[PDB]
Amino acid sequence: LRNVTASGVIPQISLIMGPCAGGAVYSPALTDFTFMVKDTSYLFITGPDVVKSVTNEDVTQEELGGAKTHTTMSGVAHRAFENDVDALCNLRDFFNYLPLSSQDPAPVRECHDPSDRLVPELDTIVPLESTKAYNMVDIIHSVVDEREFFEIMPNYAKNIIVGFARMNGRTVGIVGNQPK
Amino acid sequence: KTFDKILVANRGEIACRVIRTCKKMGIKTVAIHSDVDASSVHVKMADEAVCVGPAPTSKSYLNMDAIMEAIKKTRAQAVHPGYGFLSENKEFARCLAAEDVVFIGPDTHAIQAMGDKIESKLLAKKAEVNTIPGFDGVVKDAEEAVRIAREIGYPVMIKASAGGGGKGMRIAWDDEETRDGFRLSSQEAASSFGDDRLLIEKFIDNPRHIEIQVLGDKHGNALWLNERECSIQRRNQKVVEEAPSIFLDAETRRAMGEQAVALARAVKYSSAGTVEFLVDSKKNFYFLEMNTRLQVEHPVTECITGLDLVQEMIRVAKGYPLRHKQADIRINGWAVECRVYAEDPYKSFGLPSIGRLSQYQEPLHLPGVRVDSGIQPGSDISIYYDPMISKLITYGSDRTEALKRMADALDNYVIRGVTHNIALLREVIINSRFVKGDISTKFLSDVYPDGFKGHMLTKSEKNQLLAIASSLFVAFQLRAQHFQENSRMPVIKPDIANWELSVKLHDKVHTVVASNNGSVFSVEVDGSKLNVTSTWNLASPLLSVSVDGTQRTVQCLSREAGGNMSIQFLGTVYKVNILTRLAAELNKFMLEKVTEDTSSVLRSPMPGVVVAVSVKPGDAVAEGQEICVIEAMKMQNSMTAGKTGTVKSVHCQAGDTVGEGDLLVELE
Ligand SMILES: CC(=O)SCCNC(=O)CCNC(=O)[C@H](O)C(C)(C)COP(=O)(O)OP(=O)(O)OC[C@H]1O[C@@H](n2cnc3c(N)ncnc32)[C@H](O)[C@@H]1OP(=O)(O)O
C-alpha cells in the first residue's frame, strides 16, 4: 500500500543484494527501478524445489531466478552489477540524476561542458545506403554533457536504447532506436 | 603565369597539401575519390571532385582509364599524382602524355632508367659516386677468400652466389675467420640447395640511413637540399625523421650533395626526388638508391630550408627555371617529424586497427608545431588504405628546442576512436640514445628486443601520477556535490577535510591522503608531499596541471563509478582503481570469480542469410575488422572480430542461412 501510494510522488529504488522469495519479490515490481548483483541476488516466488515437485521440469537456482535471467531475458531487472561494492558505487551515481520528489524540477548541476559547441563527428554517422546499420550510441554519447550516459537494461530489448544523461547541467531522459 | 586547373590523383593529406598550395597560387584543384572517400577532407577542400570507383584502390585510384575520363571531363591541364598510386606507373604517364596533359613528376625515361638495379649501379659508376667493388668471380680455394679481400678492403662479407636467408652467410673482418667462414660455407652449403659457390663483397657496420633531396630543372640545372636522417623505422617503413642529421659536417654535406646532383644531371632528372646513402661508423658514405617521386619525408626539410616543394614542382612542370641558387640553401634551425598511424604498437610494432574517430584535436596552439593531416572528426580508417592519421612536424632553433616542442605536441594531441602509436613516438624521442644521436637503422630492434612495453615510470613519476589521479578523482567527487539550491529541500555539503584513498596501480596498492585548499590539492603519497595546482576544468579533453612546479598535461579517457580511471600520462595509458578507504577495506571480502574470454568465437548476433565472408582460414584479422555480413529485415548486420590473429575455421559460408547464436567463424 505504501509503495503504490508513493508512486509518482517520490522515486523508489530497489537494489537486490541476495535471494528474495515469497511475497517480498513483489516490492521491486512496484518501485521504479530494480537492480541486482550478478551471481548473488535472485528474484523468484517459489524455489526450484517447488518447480520439481509440481511439474516434471529440471531447474537450478540461477536458471530459475538469477540476475542474468532477469537482466537479459525476462525484462524484470534494470541492471546487474558485478559485486556489492561496485553496485553501491554505481547506485550513488544513479541517485544523483533524480529529483527528490515529483514536486521538484529536474536537478541542475555544475557543468563545465560548453553548451554551444559543435559535434562534427555526427555529419557522417548515418550512411547514405539504406541497408547499412550504424550505432546509435555514438550519437547519444557525442551530444550529452562530457560524454557520460547511463544505460538502462543494456542486455534486454537491444533494439531500443533508453537511459539518463545531462545536457547543460540538467538531467534529461533519452530514448532512441538501435538500427543495428 | 601558371596553370588554370590541376587534377590531383591521390587522397588524404598529400592531396590536401597540393590543394592548399594551389589555392595559394590561385589555381583551381580537382580531386578524385572513391565512394567511401566522398566525405574525406581533400574532397571538401578541392574546388571540383569526380567519383572514380568503389572502395578498393585498384578500381578507384589505380584505374587509369576512369581517371583519364575525369581529367578530360573537368578540362584539367596538369596532373599531380603525389606519391604511391600512379607516381611510377609508366602506362599512365604514357597515355596521359598522349593526350597532351602536363604530368607533374618524373618523365618515363627517369622511371625506366632506375627501373632495376643494374642501371642504377651503372649510373653511380658513371656519375662517380661510390658503389664499392666486390669480387667478379667465384671464390674456390681456401686462400682466395682472404687474398681477394686484402686487395679490395677490410670488412668482408661471405655469401652464396645465388640465394638468401642465411644461405651460408657469415660476417668476417680479419683473415682467420674469413678463411674459416668460406670453407664452412663451401663444404656445407651443398647440402641445402645444392650450390656451394661463394662470392665475397664488402659491408659496413651500424648503418645510418641518410637521404639527400634534389630538385631538378628542365634547363639542366639541379640543386641539392639539406639531408634527412631516417633511421627510426619498423617493418621497413619510416616513422621518425630528422632533417639536420648530426652525422655530417659542412664539408660532408657538400661532398654528398654534389654526388646526389651528379646522379640527377646524368639521367636528366628534371623532377624532384631523393638519393639514399648509407654511412658507416667511420663516416664513409655509400650509394644505395635513387628515388623518383615526392617522398613522404618532404615536410621536414622544408622547415629548415624555407622552401615550398609543391609550389616549385608546379612551376618547373610549367617550364620555369629553378628560382634559387645553391648558395641560398642553408639550415635555418632544426626540424623533426613523427608519423602517427592508427596502429597498435604492442602487437609486433604496429598492427593496424579499424575504427571511427570520435575525438580529434591537433596541437596547433603550441609554438613551432605544424600538423599535416588528411582527416577530420567523423572520419573512418579502414583496411583498404595505409592507416595514416597525420604527420606531426616540429621545428626549433636548436636540437633540444625542437625535441622538447615535439614532446609537448604529442601530449596535447588528441586521438580517440582508434588505437594509435603516440606512446611509442613519445618514448623514442626522449631516449638517451636518440637525444645523443647513437641511432642505427636497427635502433628499435635492440631497444625493444621483446616488443614494445610502454613508458616505464620512475619513483618521482609514479608519485606525480598517483597525486594527479587522486586529485582528479576528488575533483569529480566535489563537483558532484554542487547543486543549485532547492528552496524546499536544503542541501548540506559534507564537511570532508581529508580524502583517504587506496590507489591500486599495476600490482601495488598505495596509500594516498588528499585535502583541498581551493585550486590546489595537497596530496601525501606514501609519505611524499605533492601539491597539484590546476583550474580543474573537467570537460576539456586536455587537462593542464602543475605538480610541485612541474608542468604536466594529462588526458582522462574514461571513468567508472567503481573507481576505475584510464589516464594517459606521458603518452602511455595507465589503469588506476581508486577506492575510498572504506570501500577498499570491505572489498577484500568479495569472491575473486574469473570468467572465460571467448573473443575467438564469433557468433551470429541476428538471424538471416550470410551474404559475405571476408575471410578464409589463415587470413589475418584486426580488431574491429569486418568478418561476416548477415542480411535480413532490409538491413545488413556487419559482424566484426574482437581479437587480433588469423582465422582458424570459417563455419558458415555466403549463401547459408543462420540463426541467432550460430557459429560463423572461429579465430586462433
Ligand atoms: C507462498 C509465499 O509466497 S510465502 C513464502 C514463504 N517463504 C519462506 O518461508 C522462505 C522460503 N523458503 C526458505 O526458507 C528458503 O530456505 C529460503 C527462501 C529462505 C532460501 O534459503 P537460503 O537462502 O538457503 O537460506 P537458508 O534457509 O539456508 O538459511 C538458514 C537459516 O535461515 C533461517 N531461515 C531459513 N528459511 C527461513 C524461513 N522460511 N523463515 C524463517 N527463517 C528461515 C533459519 O533460521 C536458518 O537458521 P541457521 O542459521 O541455523 O541455518
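Here, residue 1 is simply the first one shown, and the rest follow in order.
We read in the header that electron microscopy, 3.4 Å was used to get this structure.
Cβ atoms here come from the backbone N, Cα and C positions, even for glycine.
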Residue from B:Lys575, B:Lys634 to which Swiss-Prot assigns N6-biotinyllysine: B:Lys634
For the domain 'Biotinyl-binding' (B:593-668), the number of residues DSSP places in helix, strand and coil: 0 helix, 37 strand, 39 coil
Set of same-chain residues at least 6 away whose C-beta sits under 8 angstroms from B:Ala172 (ATP binding site): B:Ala149, B:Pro155, B:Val156, B:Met157, B:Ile158, B:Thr178, B:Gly181
Inter-residue C-alpha distance, B:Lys442 (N6-succinyllysine) and B:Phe349 (biotin binding site) (nearest angstrom): 13
B:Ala172 (ATP binding site): secondary structure state under DSSP, collapsed to three categories: strand
Nearest of the modified residues (B:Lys5, B:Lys140, B:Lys325) to B:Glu188 (ATP binding site) - Cα to Cα: B:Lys140
Listed binding-site residues (B:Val156, B:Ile204), ranked by Cβ neighbours within 10 Å, top entry: B:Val156
Of the recorded positions listed as B:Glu289, B:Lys325, B:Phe349, the one whose CA lies nearest the CA of B:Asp196 (ATP binding site): B:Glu289
Inter-residue Cα distance where the pair is B:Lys347 (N6-succinyllysine) and B:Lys453 (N6-succinyllysine), in Å: 10
Fewest-neighbour residue among modified residues, criterion Cβ within 10 Å, set B:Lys90, B:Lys347, B:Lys588: B:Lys588
